[PDB]
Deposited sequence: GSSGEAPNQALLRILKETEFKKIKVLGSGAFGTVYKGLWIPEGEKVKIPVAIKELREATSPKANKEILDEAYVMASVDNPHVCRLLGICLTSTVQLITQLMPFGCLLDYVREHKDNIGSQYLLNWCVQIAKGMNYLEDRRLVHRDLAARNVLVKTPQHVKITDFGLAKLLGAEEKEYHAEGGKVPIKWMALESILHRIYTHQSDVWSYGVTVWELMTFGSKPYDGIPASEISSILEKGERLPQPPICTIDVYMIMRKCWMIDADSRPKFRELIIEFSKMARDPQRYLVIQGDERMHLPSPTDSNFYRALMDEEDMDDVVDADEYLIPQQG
């Protein structure tokens, strides 16, 4: 029974879908416009209309609306009609998966390590709340600004990403904070490869036997062995042997302090974090919310 004041019930008359942004396995993402009651103003919003109980949907949506963390997208409004529409703050930059693909071999080491830090802080918040995401992947990490990423779609899996799933989840539908750690390792791998698809050319049916044999995702060319060992540690068979989100925040923050020693990127001395001037601009314009300082190179 969380705070019902975090979820605003929207009527079909207060909003309108205008543009198409993309679509995934759960639904289609639209750029929306909210017209608040008794007002003339049009306010951009992001709307996800689902693909396929009202009391039960709302119960889950209140939990989804209670996630208050700088690296977790909070559900803001819901519109229950014949379809289920979810409303959240519009993010022009979209997902990190497409951002890294559209910026292939053009992303600095400071960005990658800081994103790994931020994703770990978002998941660590979810673990403190005893919440399991179940669908962590670079497609479910949104870019607020290039220096601020946030985990999206928490609770959508509750209402199959085999290549992002831990073996116990594939075999026994078991989902814990430690299976989320496995998915996180796969997500870090997607970033380090600038958007590569994991186990490309391998049918989803073969993955469980491939894992049981001891096969894992290859070392991305930019990762030193210390970075690869952390990703490997995330894919251990024994869930309790895998690192904690708590430990991943510290390890990746320590690595962000010496970026060149942990990632080998060509043209990296040029690709630095933005000047205070450009970060002040981005913040006042599109990121007023309070977040921890991005880890700088000593």
Report task. Just jot down which stretches of the deposited chain sequence have no CA coordinates, in the order they come. Result -> 1-5, 58-62, 170-183, 323-330
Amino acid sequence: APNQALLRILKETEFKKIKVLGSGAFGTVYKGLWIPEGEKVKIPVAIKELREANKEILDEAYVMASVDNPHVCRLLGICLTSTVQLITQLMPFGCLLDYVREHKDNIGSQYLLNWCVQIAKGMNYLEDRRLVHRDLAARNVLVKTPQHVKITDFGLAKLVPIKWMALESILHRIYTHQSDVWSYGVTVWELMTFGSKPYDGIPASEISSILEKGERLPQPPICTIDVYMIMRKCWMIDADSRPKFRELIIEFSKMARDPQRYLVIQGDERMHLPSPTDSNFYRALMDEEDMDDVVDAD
From here on, numbers count along this sequence of modelled residues.
Report summary line: As the entry reports it, the stretch among 34-42 and 63-71 with higher mean C-alpha B factor is 34-42
Report summary line: Higher of the two mean Cα B-factors (280-288, 21-29; per PDB record) comes from 21-29
Query raised in the report: Quick one: which of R242, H272, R246, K254 has the biggest Cα B-factor according to the entry?
Result: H272
Report summary line: Quick tally, chain-level thirds of C-alpha B-factors: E190 sits in the lowest
Report task. Would you check the entry's CA temperature factor for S205 and let me know if it's in the chain's lowest, middle or highest third? Result -> highest
**Report entry** Chain-wide C-alpha B factor ranking for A53, given as lowest, middle or highest third
**Finding:** highest
Report summary line: Of the three thirds of Cα B-factor ranks in this chain, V264 occupies the middle
**Report entry** Chain-wide C-alpha B factor ranking for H172, given as lowest, middle or highest third
**Finding:** middle
